[PDB]
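Okay, so here's the structure we're looking at.
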Amino acid sequence: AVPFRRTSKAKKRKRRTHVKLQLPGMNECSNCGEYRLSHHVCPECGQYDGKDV
Amino acid sequence: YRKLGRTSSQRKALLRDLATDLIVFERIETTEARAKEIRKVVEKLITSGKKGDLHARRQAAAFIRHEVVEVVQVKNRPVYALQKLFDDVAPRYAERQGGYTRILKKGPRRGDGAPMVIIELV
Amino acid sequence: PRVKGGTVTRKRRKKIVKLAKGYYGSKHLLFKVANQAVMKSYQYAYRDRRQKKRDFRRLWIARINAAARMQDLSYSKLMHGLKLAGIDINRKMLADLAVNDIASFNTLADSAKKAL
Amino acid sequence: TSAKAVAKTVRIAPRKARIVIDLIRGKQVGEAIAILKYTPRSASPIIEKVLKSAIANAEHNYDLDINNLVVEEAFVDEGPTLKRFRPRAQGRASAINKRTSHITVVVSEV
RNA sequence: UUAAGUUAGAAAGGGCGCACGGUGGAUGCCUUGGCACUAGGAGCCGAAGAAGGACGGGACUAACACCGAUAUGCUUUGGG
RNA sequence: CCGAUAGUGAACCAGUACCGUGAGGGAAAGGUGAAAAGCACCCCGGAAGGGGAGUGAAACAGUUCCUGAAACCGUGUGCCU
RNA sequence: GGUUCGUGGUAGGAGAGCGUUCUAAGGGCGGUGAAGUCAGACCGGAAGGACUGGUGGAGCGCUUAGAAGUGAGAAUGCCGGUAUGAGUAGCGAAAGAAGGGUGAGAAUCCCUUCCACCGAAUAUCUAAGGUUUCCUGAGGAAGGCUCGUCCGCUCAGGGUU
Ligand SMILES: [Mg+2]
Ligand SMILES: [Mg+2]
Ligand SMILES: [Mg+2]
Ligand SMILES: [Mg+2]
Ligand SMILES: [Mg+2]
Ligand SMILES: [Mg+2]
Ligand SMILES: [Mg+2]
Ligand SMILES: [Mg+2]
Ligand SMILES: [Mg+2]
Ligand SMILES: [Mg+2]
Ligand SMILES: [Mg+2]
Ligand SMILES: [Mg+2]
Ligand SMILES: [Mg+2]
Ligand SMILES: [Mg+2]
Ligand SMILES: [Mg+2]
Ligand SMILES: [Mg+2]
Ligand SMILES: [Mg+2]
Ligand SMILES: [Mg+2]
Ligand SMILES: [Mg+2]
Ligand SMILES: [Mg+2]
Ligand SMILES: [Zn+2]
């Protein structure tokens, strides 16, 4: 029900070892020349890097 | 099949609404989960369209929404979503066996991080 | 006249917290647990100034025992021998010879054997 | 040699800003800006404006080479907390901390 | 090369030390306000409408202070 | 005698705010600088907020702004794991 | 000055002292940097005291006496600040969708269409009660359990015959 003891700084920090973001999966486009998510449409060019729209 | 955080009747309503939107506008932006369900339902409506006969028209009519796409002017008469499906959309896919839709991944929505996509006829 | 509690309190508590330098977590930060930790450290250090003297005599005796058994004497026989011989060299000096100048230790071990 | 920007008393919780700022620390500014663009978090837009401000400072004030810049330092300090109350059951009110952040980004040549 | 043996190094994260920040408002210095008294004065106001108020009054006026449809002031005597 | 948790409840528009049907209960809250000289102008930004430039003895004195402890939150790293 | 015997200690008795604010008197320090504050490997048997350097920016020691609001770690103490639990519980009955628009920015604001819900009400009056919440134009700090270009919110004007 309730914490028996307060959690120490060390223990709190150990618990948060896995609470983090991963870097996004991105890469530079050829036509744009700027970063884009893989398998997404590149807004800089304004279409899908390969398939023209 | 996907339950889209909706009861059975709510989900049928949603699928009919989006199906009609994609037939009317030919390109809509929605969530990935919705798009992956819509492709199944829209490609079956286009199949009915390709079949073309009265029985298929009435099967489509049971699903498609009674929406006016446009007014053509001959007198001026409206064009209904069902008419567009059977007179405009269906014929353009006469020689194409399946795969009437495509889903382009767009990116996450600001307010809920929902992964948004374009689904379009082609 | 009023005496407000200014500075003397902070000065006293900060000294105790500085004495708890190196202690784990709250023990080097917070006066209440630092003050316990410092009191306890002082109590251990007092106890261990006595225990240190016992510990080093046990180390020396063990080394004298090892070096004496290499001369076919036990520690108990060698020390008896040195007493009878009249040799007053203390265990810290014997242990030092047994590590650093074994030749000299063997000379004393001979003096012990002779007295026995 | 280096250029800094700060966003003081931004109305976002420090923990929420830090989990993002940790991605861009040590990265080249081009990659850093990309990482923020494609990290879907409330903090990403705020940190982007601080970083682009720091880059503008580096280019306009100190005449550094923008193509050559790296995020030397990035950190989030606690700002002053807004104290609020949520009414709970049985007449009791529970505290709500509307925490704020000071977001610092330093950029440097290499 | 094989075998047997020995020893190094590592950090997802953490600890200690140090440096630099943030938060926070302790401490010091300060005083617009208080506290206790002393000496002197004064110890009542009101139907000639009191104490205390309400609403108003300014070029624009929300508040305070001041004033009362003569309203952010009027007459007069002195001071300056 | 007190020196802002003190001294009046009240150094600050306080018997106010606020609580209570009402009688009644009843706070918190002082300090830019000698002087506003209160940051022209440029830059990023919708703004906020910054970075320069300038004022100043000082701006790490920047309109709540003398000092600025501790808890607490971070960044960096010498030794350890 | 030696000699001899002593020097564990709760309640408790006895003694000597440290430090704090104020006063007096002597004598000083201080913009060539006071108090405070931070740091340090210094000094004394203890309480404690210096020195040096940073910060600070104007007051403060010392000696001898005097007087006390004179020393805090505990009171489920009082007030303030900040943790922990934790990115956890929760986000308060319910159907939404897409297109178009606005905007720095849109699941959340506006418009359109379809869908869905109440319908002896979830509709229309009206008393009480509230007291400007009403309308229009600006706004987006805070409030709104998210967002916000929007609002019963903020700022202006208005409005009740
Ligand atoms: Mg049903
Ligand atoms: Mg209730
Ligand atoms: Mg008071
Ligand atoms: Mg103070
Ligand atoms: Mg301030
Ligand atoms: Mg004794
Ligand atoms: Mg004894
Ligand atoms: Mg006594
Ligand atoms: Mg003093
Ligand atoms: Mg201080
Ligand atoms: Mg006392
Ligand atoms: Mg306490
Ligand atoms: Mg849990
Ligand atoms: Mg859970
Ligand atoms: Mg949940
Ligand atoms: Mg709700
Ligand atoms: Mg009924
Ligand atoms: Mg309205
Ligand atoms: Mg909000
Ligand atoms: Mg609006
Ligand atoms: Zn591209």
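All of the numbers you see were taken from the coordinates with simple rules; none came from a lab. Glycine also receives a Cβ, built like all others from the backbone with ideal geometry; neighbour counts cover every protein chain displayed.
Descriptive notes on the structure:
- Out of C:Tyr46, C:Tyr75, C:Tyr24, sole residue that is away from RNA strand F (no atom under 16 Å from the Cβ) and out of contact with any helix residue (DSSP H, G or I) (no Cβ under 6 Å at 6 or more places or on another chain): C:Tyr46
- Selection of chain A for residues being within 30 Å of C:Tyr23 (Cα to Cα), away from chain D (no Cβ under 14 Å) and loosely packed, with under 10 Cβ neighbours inside 10 Å yields A:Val2, A:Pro3, A:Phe4, A:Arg5, A:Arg6.
- Members of segment A:24-46 that are more than 18 Å from B:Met116 (Cβ to Cβ) and touching a helix residue (DSSP H, G or I) at 6+ places or on another chain (Cβ under 6 Å): A:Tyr35
- Total residues in segment C:12-50 satisfying the condition of being among the basic types (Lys, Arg), farther than 24 Å from A:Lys12 by Cβ and near RNA strand G (Cβ under 6 Å from one of its atoms): the figure is 4.
- Near pairs, Cβ below 9 angstrom, 6+ apart or cross-chain, from segment B:106-122 (at positive phi) to any residue that is among the polar types (S, T, N, Q): B:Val122/B:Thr101
- Only one of the listed residues (C:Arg54, C:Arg58, C:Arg47, C:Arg69) is of a type outside the set (S, T, N, Q), surrounded by fewer than 16 Cβ atoms within 10 Å (Cβ to Cβ) and under 30 Å from C:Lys15 (Cβ atoms). That residue is C:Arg47.
- Test: residue in segment B:99-118 that is assigned to a loop (DSSP other than H, G, I, E, B), away from ligand 21 (no atom under 16 Å from the Cβ), out of contact with any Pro (no Cβ under 7 Å at 6 or more places or on another chain) and more than 14 Å from chain D (Cβ to nearest Cβ): yes
- The single residue among D:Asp65, D:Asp77, D:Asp22 that is more than 14 Å from chain A (Cβ to nearest Cβ), surrounded by fewer than 16 Cβ atoms within 10 Å (Cβ to Cβ) and under 11 Å from the mean Cα position of the chain (by Cα) turns out to be D:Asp77.
- For segment D:65-77, the criterion of being within 10 Å of RNA strand G (Cβ to nearest atom) and of a type outside the set (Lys, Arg) is met by no residue.
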